[PDB]
There are 2 protein chains.
Amino acid sequence: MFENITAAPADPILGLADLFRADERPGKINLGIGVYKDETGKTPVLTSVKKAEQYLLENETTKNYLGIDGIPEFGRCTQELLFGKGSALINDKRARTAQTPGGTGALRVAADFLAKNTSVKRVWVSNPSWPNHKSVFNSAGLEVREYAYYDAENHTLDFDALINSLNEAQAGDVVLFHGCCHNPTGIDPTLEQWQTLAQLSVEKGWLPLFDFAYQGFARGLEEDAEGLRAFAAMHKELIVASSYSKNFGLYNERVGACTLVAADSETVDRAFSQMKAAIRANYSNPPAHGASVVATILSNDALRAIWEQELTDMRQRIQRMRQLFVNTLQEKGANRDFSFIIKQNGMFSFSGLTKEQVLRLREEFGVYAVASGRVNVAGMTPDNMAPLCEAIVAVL
Amino acid sequence: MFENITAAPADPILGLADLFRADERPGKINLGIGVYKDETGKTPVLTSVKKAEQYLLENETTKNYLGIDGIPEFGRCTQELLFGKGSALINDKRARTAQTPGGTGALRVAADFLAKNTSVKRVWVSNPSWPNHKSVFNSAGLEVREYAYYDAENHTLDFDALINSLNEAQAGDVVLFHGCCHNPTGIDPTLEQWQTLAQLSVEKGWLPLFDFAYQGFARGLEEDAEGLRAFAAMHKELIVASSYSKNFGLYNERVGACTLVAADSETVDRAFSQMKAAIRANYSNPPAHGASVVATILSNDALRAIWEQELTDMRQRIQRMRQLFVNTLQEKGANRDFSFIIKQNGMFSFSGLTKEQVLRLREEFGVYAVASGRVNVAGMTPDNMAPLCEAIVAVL
Ligand SMILES: Cc1ncc(COP(=O)(O)O)c(CN)c1O
Ligand SMILES: Cc1ncc(COP(=O)(O)O)c(CN)c1O
Ligand SMILES: *c1coc(C(=O)O)c1
Ligand SMILES: *c1coc(C(=O)O)c1
């Protein structure tokens with residue numbers, strides 16, 4: 001049965017990680033990482049998370065299965081983060097949330113739900129996007145089409161190209177939007193651009209699918225949800241796939257949510273029953289530990305305060321590294337405008353380096369980025385900034 | 001998009017759980033439960049698990065993502081449980097294991113892998129089986145066919161009917177076998193029957209898929225794997241979907257494994273790369289907490305000893321309840337042979353009651369079973385046995 005199976009394309013992350021490991025050079029630097037790292041190069045467990053885990057160890061009396069949609073408090077706190085406390089969508093009971101194994105799990109549950117229960121055949125994704133988006137939608141049998149996004153000349157959002165591309169989208173197609181901290185570019189629509197897109201989506205009959213993996217990493221929890229909320233004000237229906245992997249540092253516990261919104265309670269409940277069916281036939285019910293940590297934190301004033309500060313600390317360290325990177329490149333004689341880095345949001349940006357410059361950085365200087373030139377600014381520290389920037393200047 | 005979606009068929013578990021909750025009668029008894037319960041009617045966290053969770057709280061320094069296939073030690077311990085320490089399959093590196101979100105996750109990963117990378121179109125499942133088997137395989141686009149299994153007259157394995165049914169299976173079809181503690185019947189093949197099936201499967205070109213959700217609940221860890229090991233001795237290729245939900249009481253942490261076996265290391269590694277691709281496009285990588293508990297326990301002599309005794313305690317309590325049930329039915333004047341209950345394995349058996357007797361038990365006596373007459377013997381206790389049996393006798 002298996003003798004003729006073709007191997008999956010080589011895993012580019014890992015391999016990049018593998019090459020980094022094998023590199024014997026002192027002063028090697030890994031900007032190809034997916035996760036947040038602090039000033040010491042660690043990805044620690046958040047203190048709020050450790051406190052919540054201690055509480056669960058002390059208080060849990062069973063591991064009895066959660067419902068298909070997971071912990072009710074997790075769903076409620078999730079909807080409040082997304083839509084705001086006192087949102088009409090919440091008051092009108094127009095939203096239902098399933099706790100999922102990570103953002104990826106949320107996207108796949110959305111995809112399976114759409115493939116099996118609707119006429120959706122096609123999902124529109126930005127060029128560029130997280131590479132796994134295509135894999136997830138394709139796995140559910142959905143076609144993926146790309147819309148223009150990145151102006152490589154000006155390192156900004158090519159808003160005209162975006163709108164023009166999306167004119168090819170038919171009514172009933174899904175359009176995927178990154179809620180904030182676009183991956184890989186860090187370029188997000190302004191509120192007015194979000195509002196323009198919200199109106200256009202209503203007019204054209206697109207089903208919006210928001211992917212919200214970085215809430216809090218751009219400007220703040222509420223500000224980062226403005227785009228979503230602009231859409232939610234205008235649409236009867238949408239879906240949100242969210243992730244707590246980065247903003248709680250809960251990567252490996254697989255903590256996310258798929259939130260379904262419809263015109264009214266009757267309709268969302270009926271549709272959600274099929275979303276639960278899609279979950280039941282996939283992983284049955286979701287993993288408790290990580291989501292329980294999230295619910296415990298979000299629902300407790302003390303823990304939530306500690307967590308919000310920890311998130312702020314991450315967001316601020318990222319911003320500081322963006323500023324330090326631009327300053328240091330200027331001071332090391334780059335003689336070229338990198339100011340776009342300060343205005344971009346989250347861990348990721350395109351450096352503007354070519355694939356060959358990236359290869360040269362790895363081979364000659366032991367500086368590792370993704371082949372697209374995407375860099376994780378959280379891989380930068382005050383201590384590694386100078387040699388990193390000297391390496392970059394050398395390949396310009 | 002959602003206005004015309006048909007609601008999923010009513011969830012029969014839940015609803016049964018809901019009806020039980022709403023029942024105001026004292027003396028109500030729930031035999032429709034899916035989980036293990038102890039003599040006090042609780043599903044506690046195992047002591048070995050609490051000890052391991054304390055160790056993880058003290059020692060974990062990151063929640064950084066696991067690899068796609070999860071914790072290496074978890075994979076190694078899993079393969080040893082399945083195949084035995086020093087197995088040729090292990091020594092020859094013919095097996096690869098992915099840690100998954102539960103047994104269900106393992107089955108779905110198997111299904112997606114098979115649908116996308118092989119000619120498999122059809123999976124053969126026992127009549128009866130766990131109802132979610134059909135849902136999982138169908139979700140991946142695979143047809144499900146049934147093979148005869150249960151002799152309702154003698155409450156035994158209809159081995160002739162089984163072999164005759166499976167003659168319709170074509171070479172390259174998948175045949176699913178419950179490793180031990182068949183769900184819902186508790187009827188397992190003898191070793192000689194397993195050996196007969198192993199030979200037949202080789203001759204007919206079936207790909208065996210073992211579902212092993214109850215290892216340790218029949219006779220013991222090694223004995224319960226005899227059937228699998230008989231197949232593994234004969235086949236170049238097979239797949240095992242295993243679950244630690246019942247035998248570690250880790251239900252809600254979603255702890256299982258999908259183990260792929262091929263003729264040699266080269267072939268299994270190549271095929272496994274596609275299994276990892278199927279995981280990446282589903283939930284990305286698996287939840288750490290539960291699997292880390294399992295690895296911590298299985299790899300430590302002290303914790304593993306505590307856990308093995310806790311598992312033995314569950315297995316023995318189940319057996320005691322089977323014996324007590326048969327004795328008490330005789331003593332309450334059933335005047336009918338229920339001895340088949342003593343010979344069946346695990347939490348579940350068909351009581352032999354009809355759908356209407358089951359309905360009558362719920363309505364008149366507040367005794368709850370599944371409509372098929374399946375009962376969970378772990379819902380029985382010394383204290384509830386007499387009224388339970390008096391209720392059953394009354395509807396005979
Ligand atoms: C845009 C985007 N969507 C979803 C995911 C997947 O998130 P998770 O690791 O929680 O599955 C990521 C990675 N955090 C991402 O960058
Ligand atoms: C035969 C069988 N297969 C798989 C499963 C699913 O296991 P899990 O709850 O770990 O997903 C079950 C339920 N334990 C089962 O009875
Ligand atoms: C978090 C995990 O992976 C990423 C990525 O960009 O690949 C973010
Ligand atoms: C464990 C969870 O569900 C079962 C079942 O038979 O439904 C076992």
# chains A, B, ... in the order shown; residues from 1 in each chain; ligands from 1
call {"tool": "interface_residues", "arguments": {"of": "chain B", "to": "chain A", "cutoff": "6 Å", "atoms": "only C-alpha atoms", "output": "MDAnalysis selection string"}}
result
chainID B and resid 5 7:8 43:45 61:66 101 104:105 108 135:136 250:254 270:271 273:274 281:284 287:288
call {"tool": "write_last_selection", "arguments": {"atoms": "N, CA and C atoms", "output": "mmCIF file, in the first residue's frame"}}
result
data_model
loop_
_atom_site.group_PDB
_atom_site.id
_atom_site.type_symbol
_atom_site.label_atom_id
_atom_site.label_comp_id
_atom_site.auth_asym_id
_atom_site.auth_seq_id
_atom_site.Cartn_x
_atom_site.Cartn_y
_atom_site.Cartn_z
ATOM 1 N N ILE B 5 -28.739 25.850 6.160
ATOM 2 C CA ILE B 5 -28.044 24.687 6.696
ATOM 3 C C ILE B 5 -28.995 23.820 7.514
ATOM 4 N N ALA B 7 -29.722 21.210 10.462
ATOM 5 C CA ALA B 7 -29.118 20.898 11.752
ATOM 6 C C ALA B 7 -28.558 19.479 11.743
ATOM 7 N N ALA B 8 -27.446 19.286 12.450
ATOM 8 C CA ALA B 8 -26.873 17.956 12.613
ATOM 9 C C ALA B 8 -27.877 17.084 13.354
ATOM 10 N N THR B 43 -14.998 10.025 38.446
ATOM 11 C CA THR B 43 -13.983 9.765 37.431
ATOM 12 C C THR B 43 -12.765 10.611 37.863
ATOM 13 N N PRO B 44 -12.056 10.207 38.940
ATOM 14 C CA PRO B 44 -10.973 11.088 39.394
ATOM 15 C C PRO B 44 -9.755 11.113 38.476
ATOM 16 N N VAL B 45 -8.902 12.100 38.703
ATOM 17 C CA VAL B 45 -7.624 12.187 38.063
ATOM 18 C C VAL B 45 -6.785 11.119 38.776
ATOM 19 N N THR B 61 9.986 24.708 31.297
ATOM 20 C CA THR B 61 10.532 26.068 31.120
ATOM 21 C C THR B 61 10.090 26.760 29.824
ATOM 22 N N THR B 62 9.302 26.064 29.001
ATOM 23 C CA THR B 62 8.774 26.665 27.774
ATOM 24 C C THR B 62 7.520 25.910 27.355
ATOM 25 N N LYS B 63 6.664 26.576 26.587
ATOM 26 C CA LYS B 63 5.581 25.877 25.878
ATOM 27 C C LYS B 63 5.851 25.847 24.360
ATOM 28 N N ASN B 64 7.105 26.044 23.967
ATOM 29 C CA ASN B 64 7.493 25.981 22.553
ATOM 30 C C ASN B 64 6.876 24.750 21.881
ATOM 31 N N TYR B 65 6.379 24.924 20.658
ATOM 32 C CA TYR B 65 5.744 23.845 19.880
ATOM 33 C C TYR B 65 6.518 22.533 19.895
ATOM 34 N N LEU B 66 5.777 21.437 20.039
ATOM 35 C CA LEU B 66 6.335 20.119 19.766
ATOM 36 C C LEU B 66 6.494 19.982 18.259
ATOM 37 N N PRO B 101 -4.294 14.258 19.004
ATOM 38 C CA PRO B 101 -5.343 14.627 19.968
ATOM 39 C C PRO B 101 -6.353 13.495 20.100
ATOM 40 N N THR B 104 -9.501 9.514 18.565
ATOM 41 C CA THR B 104 -10.289 10.041 17.430
ATOM 42 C C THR B 104 -9.367 10.776 16.476
ATOM 43 N N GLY B 105 -8.498 11.638 17.028
ATOM 44 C CA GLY B 105 -7.506 12.346 16.223
ATOM 45 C C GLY B 105 -6.626 11.365 15.457
ATOM 46 N N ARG B 108 -8.621 9.952 12.526
ATOM 47 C CA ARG B 108 -8.784 10.941 11.450
ATOM 48 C C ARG B 108 -7.482 11.189 10.700
ATOM 49 N N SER B 135 -18.400 8.278 10.989
ATOM 50 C CA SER B 135 -18.274 9.729 10.830
ATOM 51 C C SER B 135 -16.842 10.128 10.489
ATOM 52 N N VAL B 136 -15.876 9.532 11.191
ATOM 53 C CA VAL B 136 -14.484 9.887 10.959
ATOM 54 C C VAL B 136 -14.045 9.502 9.541
ATOM 55 N N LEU B 250 -7.238 10.254 31.076
ATOM 56 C CA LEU B 250 -6.825 11.545 30.514
ATOM 57 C C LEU B 250 -7.748 12.057 29.404
ATOM 58 N N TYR B 251 -9.000 11.601 29.428
ATOM 59 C CA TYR B 251 -10.016 11.934 28.431
ATOM 60 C C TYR B 251 -9.850 13.312 27.812
ATOM 61 N N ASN B 252 -9.951 14.359 28.631
ATOM 62 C CA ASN B 252 -10.072 15.717 28.083
ATOM 63 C C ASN B 252 -8.764 16.372 27.664
ATOM 64 N N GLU B 253 -7.644 15.686 27.898
ATOM 65 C CA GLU B 253 -6.335 16.220 27.492
ATOM 66 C C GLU B 253 -5.960 15.778 26.079
ATOM 67 N N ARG B 254 -6.715 14.810 25.551
ATOM 68 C CA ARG B 254 -6.657 14.398 24.139
ATOM 69 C C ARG B 254 -5.312 13.778 23.806
ATOM 70 N N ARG B 270 9.347 7.638 4.427
ATOM 71 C CA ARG B 270 8.731 8.309 3.286
ATOM 72 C C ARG B 270 7.208 8.462 3.445
ATOM 73 N N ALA B 271 6.519 7.369 3.789
ATOM 74 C CA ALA B 271 5.074 7.425 4.032
ATOM 75 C C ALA B 271 4.737 8.341 5.223
ATOM 76 N N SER B 273 6.224 10.940 6.215
ATOM 77 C CA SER B 273 6.365 12.355 5.860
ATOM 78 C C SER B 273 5.012 12.913 5.394
ATOM 79 N N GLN B 274 4.239 12.086 4.696
ATOM 80 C CA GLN B 274 2.896 12.450 4.260
ATOM 81 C C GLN B 274 1.868 12.413 5.394
ATOM 82 N N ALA B 281 -1.775 20.157 8.227
ATOM 83 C CA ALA B 281 -2.899 20.815 7.580
ATOM 84 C C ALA B 281 -4.205 20.656 8.378
ATOM 85 N N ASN B 282 -4.107 19.999 9.534
ATOM 86 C CA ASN B 282 -5.264 19.762 10.391
ATOM 87 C C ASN B 282 -5.137 20.608 11.672
ATOM 88 N N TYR B 283 -4.262 20.209 12.600
ATOM 89 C CA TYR B 283 -4.127 20.956 13.866
ATOM 90 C C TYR B 283 -2.675 21.378 14.130
ATOM 91 N N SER B 284 -1.817 21.207 13.103
ATOM 92 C CA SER B 284 -0.419 21.681 13.064
ATOM 93 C C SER B 284 0.561 20.807 13.860
ATOM 94 N N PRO B 287 -1.250 18.555 21.272
ATOM 95 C CA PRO B 287 -1.239 19.194 22.593
ATOM 96 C C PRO B 287 -0.297 18.490 23.577
ATOM 97 N N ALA B 288 0.568 19.277 24.211
ATOM 98 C CA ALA B 288 1.664 18.703 25.000
ATOM 99 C C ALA B 288 1.228 18.106 26.319
#
call {"tool": "select_by_dssp", "arguments": {"residues": "range 139-367 of chain B", "states": "alpha helix (DSSP H)", "output": "JSON, numbers by chain"}}
result
{"B": [139, 159, 160, 161, 162, 163, 164, 165, 166, 191, 192, 193, 194, 195, 196, 197, 198, 199, 200, 201, 202, 203, 204, 221, 222, 223, 224, 226, 227, 228, 229, 230, 231, 232, 233, 234, 265, 266, 267, 268, 269, 270, 271, 272, 273, 274, 275, 276, 277, 278, 279, 280, 288, 289, 290, 291, 292, 293, 294, 295, 296, 297, 298, 301, 302, 303, 304, 305, 306, 307, 308, 309, 310, 311, 312, 313, 314, 315, 316, 317, 318, 319, 320, 321, 322, 323, 324, 325, 326, 327, 328, 329, 330, 331, 340, 341, 342, 343, 355, 356, 357, 358, 359, 360, 361, 362, 363, 364, 365]}
call {"tool": "residues_around", "arguments": {"residues": "range 212-220 of chain B", "least_positions_apart": "6", "cutoff": "8 Å", "atoms": "only C-alpha atoms", "output": "compact mmCIF listing (two decimals) with N, CA and C atoms, in the first residue's frame"}}
result
# COMPACT_ATOMS: atom_id res chain seq x y z
N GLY B 103 -7.57 9.20 20.59
CA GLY B 103 -7.81 8.12 19.62
C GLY B 103 -8.54 8.62 18.37
N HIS B 178 -10.91 -3.79 16.44
CA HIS B 178 -10.73 -3.27 17.80
C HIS B 178 -9.70 -4.17 18.47
N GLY B 179 -8.62 -3.58 18.99
CA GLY B 179 -7.52 -4.36 19.55
C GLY B 179 -7.93 -5.26 20.72
N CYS B 180 -8.76 -4.74 21.61
CA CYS B 180 -9.31 -5.48 22.75
C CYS B 180 -10.50 -4.67 23.26
N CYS B 181 -11.30 -5.27 24.14
CA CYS B 181 -12.51 -4.60 24.65
C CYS B 181 -13.33 -4.00 23.51
N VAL B 240 -1.99 1.68 13.51
CA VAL B 240 -2.61 1.51 14.82
C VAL B 240 -3.01 2.89 15.32
N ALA B 241 -4.29 3.04 15.66
CA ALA B 241 -4.77 4.27 16.29
C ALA B 241 -5.01 3.92 17.74
N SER B 242 -4.21 4.49 18.63
CA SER B 242 -4.39 4.18 20.04
C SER B 242 -4.79 5.39 20.87
N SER B 243 -5.38 5.11 22.04
CA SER B 243 -5.87 6.16 22.91
C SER B 243 -5.51 5.88 24.35
N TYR B 244 -5.13 6.95 25.05
CA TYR B 244 -4.84 6.90 26.47
C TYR B 244 -5.94 7.58 27.31
N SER B 245 -7.08 7.89 26.68
CA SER B 245 -8.15 8.58 27.38
C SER B 245 -8.61 7.75 28.57
N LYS B 246 -9.00 6.34 28.37
CA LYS B 246 -9.58 5.59 29.49
C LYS B 246 -8.46 5.14 30.40
N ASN B 247 -7.28 4.48 29.67
CA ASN B 247 -6.31 3.78 30.59
C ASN B 247 -5.43 4.71 31.44
N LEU B 311 -4.38 1.14 36.84
CA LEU B 311 -5.04 0.53 35.69
C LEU B 311 -5.59 -0.84 36.07
N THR B 312 -4.79 -1.62 36.78
CA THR B 312 -5.22 -2.93 37.30
C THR B 312 -6.46 -2.78 38.17
N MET B 314 -8.75 -0.46 38.00
CA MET B 314 -9.89 -0.22 37.11
C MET B 314 -10.37 -1.52 36.47
N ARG B 315 -9.43 -2.28 35.93
CA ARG B 315 -9.75 -3.52 35.23
C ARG B 315 -10.44 -4.49 36.19
N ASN B 345 -15.26 -8.28 27.83
CA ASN B 345 -14.06 -7.56 28.26
C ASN B 345 -14.24 -6.06 28.16
N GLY B 346 -13.92 -5.35 29.24
CA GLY B 346 -13.94 -3.89 29.22
C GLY B 346 -15.19 -3.34 29.85
N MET B 347 -15.45 -2.05 29.59
CA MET B 347 -16.55 -1.35 30.24
C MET B 347 -17.91 -1.70 29.66
call {"tool": "atom_distance", "arguments": {"atom1": "CA of residue 296 in chain B", "atom2": "CA of residue 313 in chain B"}}
result
20.5 Å
call {"tool": "residues_around", "arguments": {"residues": "residue 373 in chain B", "least_positions_apart": "6", "cutoff": "9 Å", "atoms": "only C-alpha atoms", "output": "list in words"}}
result
residues 349, 350, 351, 352, 353, 354, 355, 357 and 358 of chain B
call {"tool": "write_last_selection", "arguments": {"atoms": "N, CA, C and O atoms", "output": "CSV table (one decimal), in the first residue's frame"}}
result
chain,number,residue,atom,x,y,z
B,349,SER,N,-20.9,-3.8,27.4
B,349,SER,CA,-21.6,-5.0,26.9
B,349,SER,C,-23.0,-4.6,26.4
B,349,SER,O,-23.6,-3.7,26.9
B,350,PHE,N,-23.5,-5.4,25.5
B,350,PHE,CA,-24.9,-5.5,25.2
B,350,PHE,C,-25.6,-6.3,26.3
B,350,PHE,O,-25.2,-7.4,26.6
B,351,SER,N,-26.6,-5.7,26.9
B,351,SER,CA,-27.4,-6.3,28.0
B,351,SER,C,-28.3,-7.4,27.4
B,351,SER,O,-28.7,-8.3,28.1
B,352,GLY,N,-28.6,-7.3,26.1
B,352,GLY,CA,-29.6,-8.2,25.5
B,352,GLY,C,-31.0,-7.7,25.6
B,352,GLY,O,-32.0,-8.3,25.1
B,353,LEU,N,-31.2,-6.5,26.2
B,353,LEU,CA,-32.5,-5.8,26.3
B,353,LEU,C,-32.8,-5.2,25.0
B,353,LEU,O,-31.9,-4.7,24.2
B,354,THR,N,-34.1,-5.1,24.6
B,354,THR,CA,-34.5,-4.5,23.4
B,354,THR,C,-34.6,-3.0,23.6
B,354,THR,O,-34.6,-2.5,24.7
B,355,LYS,N,-34.7,-2.3,22.4
B,355,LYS,CA,-34.8,-0.8,22.5
B,355,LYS,C,-36.0,-0.4,23.4
B,355,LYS,O,-35.9,0.6,24.1
B,357,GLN,N,-37.4,-2.1,25.9
B,357,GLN,CA,-37.1,-2.4,27.3
B,357,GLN,C,-36.2,-1.3,27.9
B,357,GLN,O,-36.3,-0.9,29.0
B,358,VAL,N,-35.2,-0.9,27.0
B,358,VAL,CA,-34.3,0.2,27.4
B,358,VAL,C,-35.1,1.5,27.7
B,358,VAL,O,-34.9,2.2,28.7
call {"tool": "residues_around", "arguments": {"residues": "residue 27 in chain B", "least_positions_apart": "3", "cutoff": "8 Å", "atoms": "only C-alpha atoms", "output": "list in words"}}
result
residues 366, 384 and 387 of chain B
call {"tool": "write_last_selection", "arguments": {"atoms": "C-alpha atoms", "output": "short mmCIF file (atom, residue, chain, number, x, y, z; two decimals), in the first residue's frame"}}
result
data_model
loop_
_atom_site.label_atom_id
_atom_site.label_comp_id
_atom_site.auth_asym_id
_atom_site.auth_seq_id
_atom_site.Cartn_x
_atom_site.Cartn_y
_atom_site.Cartn_z
CA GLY B 366 -34.82 5.96 35.96
CA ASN B 384 -26.68 0.59 43.13
CA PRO B 387 -32.18 -1.57 42.55
#
call {"tool": "residues_around", "arguments": {"residues": "residue 192 in chain B", "least_positions_apart": "4", "cutoff": "12 Å", "atoms": "only C-alpha atoms", "output": "list in words"}}
result
residues 159, 188, 196, 197, 198, 199, 226, 227, 230 and 231 of chain B
call {"tool": "write_last_selection", "arguments": {"atoms": "N, CA and C atoms", "output": "mmCIF file, in the first residue's frame"}}
result
data_model
loop_
_atom_site.group_PDB
_atom_site.id
_atom_site.type_symbol
_atom_site.label_atom_id
_atom_site.label_comp_id
_atom_site.auth_asym_id
_atom_site.auth_seq_id
_atom_site.Cartn_x
_atom_site.Cartn_y
_atom_site.Cartn_z
ATOM 1 N N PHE B 159 -18.055 -15.874 14.370
ATOM 2 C CA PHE B 159 -16.805 -15.904 13.628
ATOM 3 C C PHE B 159 -17.004 -16.312 12.170
ATOM 4 N N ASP B 188 -14.184 -10.103 22.200
ATOM 5 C CA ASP B 188 -12.903 -10.065 21.472
ATOM 6 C C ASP B 188 -12.573 -11.437 20.874
ATOM 7 N N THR B 196 -5.959 -16.619 12.865
ATOM 8 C CA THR B 196 -6.739 -16.935 11.663
ATOM 9 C C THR B 196 -7.001 -15.669 10.837
ATOM 10 N N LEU B 197 -7.420 -14.596 11.514
ATOM 11 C CA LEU B 197 -7.658 -13.313 10.841
ATOM 12 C C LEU B 197 -6.381 -12.714 10.258
ATOM 13 N N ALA B 198 -5.251 -12.879 10.953
ATOM 14 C CA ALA B 198 -3.971 -12.336 10.485
ATOM 15 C C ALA B 198 -3.574 -12.981 9.155
ATOM 16 N N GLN B 199 -3.687 -14.310 9.103
ATOM 17 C CA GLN B 199 -3.377 -15.071 7.899
ATOM 18 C C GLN B 199 -4.315 -14.690 6.745
ATOM 19 N N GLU B 226 -1.894 -9.005 22.268
ATOM 20 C CA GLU B 226 -1.595 -10.250 21.547
ATOM 21 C C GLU B 226 -2.149 -10.278 20.119
ATOM 22 N N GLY B 227 -3.399 -9.834 19.952
ATOM 23 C CA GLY B 227 -4.041 -9.792 18.635
ATOM 24 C C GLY B 227 -3.274 -8.922 17.653
ATOM 25 N N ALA B 230 0.019 -10.526 16.755
ATOM 26 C CA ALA B 230 -0.180 -11.620 15.780
ATOM 27 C C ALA B 230 -0.247 -11.079 14.343
ATOM 28 N N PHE B 231 -0.931 -9.957 14.181
ATOM 29 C CA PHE B 231 -1.019 -9.296 12.887
ATOM 30 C C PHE B 231 0.330 -8.727 12.474
#
call {"tool": "atom_distance", "arguments": {"atom1": "CA of residue 92 in chain B", "atom2": "CA of residue 239 in chain B"}}
result
16.4 Å
call {"tool": "residues_around", "arguments": {"residues": "residue 342 in chain A", "least_positions_apart": "3", "cutoff": "7 Å", "atoms": "only C-alpha atoms", "output": "list in words"}}
result
residues 322, 323 and 339 of chain A
call {"tool": "write_last_selection", "arguments": {"atoms": "N, CA, C and O atoms", "output": "PDB file, in the first residue's frame"}}
result
ATOM      1  N   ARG A 322      12.290  46.679  16.719  1.00  0.00           N
ATOM      2  CA  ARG A 322      12.058  47.328  15.417  1.00  0.00           C
ATOM      3  C   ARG A 322      12.810  48.662  15.331  1.00  0.00           C
ATOM      4  O   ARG A 322      13.491  48.931  14.344  1.00  0.00           O
ATOM      5  N   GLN A 323      12.678  49.483  16.368  1.00  0.00           N
ATOM      6  CA  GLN A 323      13.371  50.777  16.431  1.00  0.00           C
ATOM      7  C   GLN A 323      14.885  50.598  16.474  1.00  0.00           C
ATOM      8  O   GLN A 323      15.608  51.287  15.739  1.00  0.00           O
ATOM      9  N   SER A 339      12.889  52.588   7.421  1.00  0.00           N
ATOM     10  CA  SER A 339      11.880  53.158   8.325  1.00  0.00           C
ATOM     11  C   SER A 339      10.556  52.394   8.310  1.00  0.00           C
ATOM     12  O   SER A 339       9.806  52.447   9.285  1.00  0.00           O
TER      13      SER A 339
END
call {"tool": "closest_residue", "arguments": {"among": "B:182, B:122, B:155, B:93", "to": "ligand 4", "atoms": "only C-alpha atoms and all ligand atoms"}}
result
B:182
call {"tool": "select_by_dssp", "arguments": {"residues": "range 41-116 of chain A", "states": "strand (DSSP E or B)", "output": "list in words"}}
result
residues 95, 96, 97, 98, 99 and 100 of chain A
call {"tool": "closest_residue", "arguments": {"among": "A:152, A:98, A:68, A:324", "to": "ligand 2", "atoms": "only C-alpha atoms and all ligand atoms"}}
result
A:68
call {"tool": "closest_residue", "arguments": {"among": "A:89, A:17, A:295, A:191", "to": "ligand 3", "atoms": "only C-alpha atoms and all ligand atoms"}}
result
A:17
call {"tool": "atom_distance", "arguments": {"atom1": "CA of residue 146 in chain A", "atom2": "CA of residue 127 in chain A"}}
result
5.6 Å
call {"tool": "decode", "arguments": {"residues": "range 99-107 of chain B", "atoms": "N, CA, C and O atoms", "output": "PDB file, in the first residue's frame"}}
result
ATOM      1  N   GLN B  99       2.099  11.406  17.882  1.00  0.00           N
ATOM      2  CA  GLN B  99       1.219  11.777  18.989  1.00  0.00           C
ATOM      3  C   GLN B  99       0.049  12.573  18.400  1.00  0.00           C
ATOM      4  O   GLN B  99       0.277  13.466  17.584  1.00  0.00           O
ATOM      5  N   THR B 100      -1.181  12.230  18.774  1.00  0.00           N
ATOM      6  CA  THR B 100      -2.392  12.889  18.222  1.00  0.00           C
ATOM      7  C   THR B 100      -3.334  13.357  19.333  1.00  0.00           C
ATOM      8  O   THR B 100      -3.211  12.898  20.479  1.00  0.00           O
ATOM      9  N   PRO B 101      -4.294  14.258  19.004  1.00  0.00           N
ATOM     10  CA  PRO B 101      -5.343  14.627  19.968  1.00  0.00           C
ATOM     11  C   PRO B 101      -6.353  13.495  20.100  1.00  0.00           C
ATOM     12  O   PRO B 101      -7.394  13.471  19.418  1.00  0.00           O
ATOM     13  N   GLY B 102      -6.027  12.549  20.976  1.00  0.00           N
ATOM     14  CA  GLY B 102      -6.903  11.419  21.285  1.00  0.00           C
ATOM     15  C   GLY B 102      -6.880  10.294  20.260  1.00  0.00           C
ATOM     16  O   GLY B 102      -6.251  10.408  19.189  1.00  0.00           O
ATOM     17  N   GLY B 103      -7.571   9.201  20.595  1.00  0.00           N
ATOM     18  CA  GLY B 103      -7.814   8.124  19.623  1.00  0.00           C
ATOM     19  C   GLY B 103      -8.537   8.624  18.375  1.00  0.00           C
ATOM     20  O   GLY B 103      -8.247   8.177  17.252  1.00  0.00           O
ATOM     21  N   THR B 104      -9.501   9.514  18.565  1.00  0.00           N
ATOM     22  CA  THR B 104     -10.289  10.041  17.430  1.00  0.00           C
ATOM     23  C   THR B 104      -9.367  10.776  16.476  1.00  0.00           C
ATOM     24  O   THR B 104      -9.404  10.523  15.271  1.00  0.00           O
ATOM     25  N   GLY B 105      -8.498  11.638  17.028  1.00  0.00           N
ATOM     26  CA  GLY B 105      -7.506  12.346  16.223  1.00  0.00           C
ATOM     27  C   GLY B 105      -6.626  11.365  15.457  1.00  0.00           C
ATOM     28  O   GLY B 105      -6.345  11.571  14.271  1.00  0.00           O
ATOM     29  N   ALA B 106      -6.209  10.289  16.122  1.00  0.00           N
ATOM     30  CA  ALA B 106      -5.390   9.261  15.443  1.00  0.00           C
ATOM     31  C   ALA B 106      -6.147   8.634  14.267  1.00  0.00           C
ATOM     32  O   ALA B 106      -5.577   8.425  13.187  1.00  0.00           O
ATOM     33  N   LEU B 107      -7.423   8.323  14.472  1.00  0.00           N
ATOM     34  CA  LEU B 107      -8.234   7.711  13.400  1.00  0.00           C
ATOM     35  C   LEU B 107      -8.394   8.678  12.224  1.00  0.00           C
ATOM     36  O   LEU B 107      -8.305   8.281  11.058  1.00  0.00           O
TER      37      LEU B 107
END
